[PDB]
Protein chains: 4
Amino acid sequence: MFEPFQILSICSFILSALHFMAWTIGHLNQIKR
Amino acid sequence: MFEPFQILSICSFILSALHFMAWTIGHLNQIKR
Amino acid sequence: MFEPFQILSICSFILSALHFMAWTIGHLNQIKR
Amino acid sequence: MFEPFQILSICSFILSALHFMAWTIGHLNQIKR
């Protein structure tokens, strides 16, 4: 945690994974199994 | 405000919260209460 | 241009303005005048 | 690779190009040729 910019990196990473997560489900709509 | 990169961090954060804000409402469409 | 991170800041800024630009038009659909 | 923030820059760049890539196809829907 020496670099303060780490907080921005981790935050962006989390928001990035969650962004594609919701999007993927959105486009998929139905679970389809 | 020692680090100049802070301006980019704060800006992104604000734009991030506002991005999900509009999106959430968009997907929700109706208030539903 | 002393800070190299500037390139990432400027790029993100440009992509941010263009992102909301297309989105706004997308949601608006019709020009409506 | 002297600057550690480079990893975040490269990652964002890749995710940015892939984001617009899928979006463009999404809006286009049909290939149209």
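The rules behind each value
Residues numbered from 1 in each chain as written, not as in the entry; some residues may be left out. Chains lettered and ligands numbered in written order. Heavy atoms only, no water. Helix = DSSP H or I, 4+ residues; strand = E, 2+ residues; numbered from the N terminus. Buried < 20%, exposed > 50% of the residue type's maximum accessible area, 1.4 Å probe, protein only. Areas by Shrake-Rupley, 256 points an atom, 1.4 Å probe, with all protein chains shown as cover. Least-squares fit on C-alpha atoms. Contact = heavy atoms within 4.5 Å. Buried area = accessible area lost by both parts, 1.4 Å probe. Salt bridge = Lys/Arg side-chain N within 4 Å of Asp/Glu carboxyl O. Nonpolar A, V, L, I, M, F, W, Y, C, P; charged D, E, K, R; others polar. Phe/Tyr/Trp six-rings, centres within 6.5 Å; stacked < 30°, edge-to-face > 60°.

Per the deposition metadata, solid-state NMR was the technique used to determine this entry.

In the PDB, the entry goes by the title "Influenza B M2 Proton Channel in the Closed State - SSNMR Structure at pH 7.5".

## Focus: the overall build of chain A
Per the secondary structure count, chain A includes one helix and zero strands. Each principal axis of the C-alpha distribution contributes one length, and for chain A these read about 45 × 15 × 5 Å. Residues counted as buried form 12% of the 33 residues belonging to chain A. Split by element, the accessible area of chain A, about 3200 Å² in all, is 73% carbon and sulfur.

## Quick look at the relation of the copies chain C and chain D
Expressed as a screw transformation, the operator carrying chain C onto chain D has a rotation angle of 89° and an axial translation of 0.1 Å, and the superposed copies differ by an RMSD of 0.0 Å. Put plainly, the chains are arranged around a four-fold axis. Measuring from the rotation axis to each C-alpha of chain C, the shortest distance belongs to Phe5(C), at 5.7 Å.

## Overview of unusual backbone geometry
Notably, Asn29(B) is not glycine yet its phi reads approximately 60°, a positive angle. Since its relative accessible area comes to 65%, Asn29(B) is described here as exposed.

## Digging into the arrangement of the chains
The least C-alpha distance between chain A and chain C, which are not in contact, is 11 Å. At their nearest point, the C-alpha atoms of chain B and chain D are still 11 Å apart, with no contact between the two.

## Here we look at the interface of chain A and chain D
The partner chain D presents seven residues to the six residues of chain A that form the contact. In total, about 560 Å² of surface goes out of reach between chain A and chain D, with carbon and sulfur atoms giving 77% of it. Considering only the surface of chain A that becomes buried against chain D, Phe5(A), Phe20(A) and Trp23(A) emerge as the three largest contributors, covering 57% of it. Linking chain A with chain D are zero salt bridges, by the criterion used here.

## Some remarks on the interface of chain C and chain D
Contacts between the two partners involve seven residues from chain C, matched on the other side by six residues from chain D. Both sides together, the interface formed by chain C and chain D hides about 540 Å², and carbon and sulfur atoms give 77% of it. Classifying every residue of the side of chain C that touches chain D gives six nonpolar, one polar and no charged.

## A word on the packing of aromatic side chains
Enumeration according to the criterion identifies two aromatic pairs over all chains in this entry. Note on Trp23(A) and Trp23(D): the rings are 6.2 Å apart at their centroids and 65° apart in plane angle, and the pair reads as edge-to-face. With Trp23(A) in helix α1 (residues 6-28) and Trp23(D) in helix α1 (residues 6-28), the pair connects residues from two separate chains. On the basis of relative accessible area, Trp23(A) is assigned to the partly exposed category, the value being 31%.

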